[PDB]
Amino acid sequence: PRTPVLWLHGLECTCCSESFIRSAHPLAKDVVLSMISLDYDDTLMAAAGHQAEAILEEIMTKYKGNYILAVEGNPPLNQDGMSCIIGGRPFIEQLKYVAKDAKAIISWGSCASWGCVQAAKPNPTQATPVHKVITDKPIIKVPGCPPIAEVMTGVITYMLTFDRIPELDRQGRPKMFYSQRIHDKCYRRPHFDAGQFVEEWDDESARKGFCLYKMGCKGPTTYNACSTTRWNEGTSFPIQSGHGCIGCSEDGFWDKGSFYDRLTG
């Protein structure tokens, strides 16, 4: 038997679902067909409406305390919760219902982990991360907008193999993927150390791959696997392609000033 996954969607842009299917090792195809049973997911599921709703209670009963709840997006608390409506009811009610009998909860991406863009000031919907609503269940945060594909499938693979949540840091992120800051192993680090910086876009320094700190790179304060694991089967990452890290895996990164203002000190 393959562990059921109920993948709920709150307020979101769907980047985390899209990132998941970019995974090369393992393939998303193999994850869905051979590793998990993806029993509810609005993005891919055949059933709609009443038939889709009926799946949740069936799985929750049959696999009580033995399914994984994955959450993409987050619940809004304003507009009586009806700025995110599922089956005529607030999303927060679905979230709490499915959470109650889950063996573990995965908060996918910055939305579920921290709030992401909808929670940026002034947060008109009072979008709230999952761990502030569900306070009595074990939650693993997998932040990033979106997270790296192999980080997402890496978390699933660990959980399925070992029937355990991996070791987490104080913020609830898996240490196996979020122990390093981008700046630790960023390939432009030798330029940083030598005081060699891009100062205007497409200047001579930019064409030589000089450090992007003075163009606002938030790599020095951002924990993720981007500089080593990299993106889309190790093809590139933001810095390699010439833009500074904007800090997208860190709590509240939208409200830490302009992306192009350098870090102080």
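Residue numbers here begin at 1 and follow the sequence given.
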task = Look up the CA B-factors in the entry and say which stretch, 188 to 196 or 123 to 131, has the higher mean.
result = 188 to 196
ask   = 233 to 241 versus 49 to 57: which one carries the higher mean Cα B factor per the record?
value = 49 to 57
query = Considering only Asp169, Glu150, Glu72, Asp80, which residue's Cα atom bears the greatest B-factor as recorded?
reply = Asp80
message = Is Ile105 in the lowest, middle or highest third of its chain when residues are ranked by C-alpha B-factor?
response = middle
ask   = Against its chain's modelled residues, does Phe210's Cα B factor rank lowest, middle or highest third?
value = middle
message = By the recorded C-alpha temperature factor, relative to the other modelled residues in its chain, which third is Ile68 in?
response = middle
key: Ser37 - which third its CA temperature factor falls in, relative to the rest of the chain   = highest
Where the record places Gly87 (Cα B-factor, split into thirds across the chain) = middle
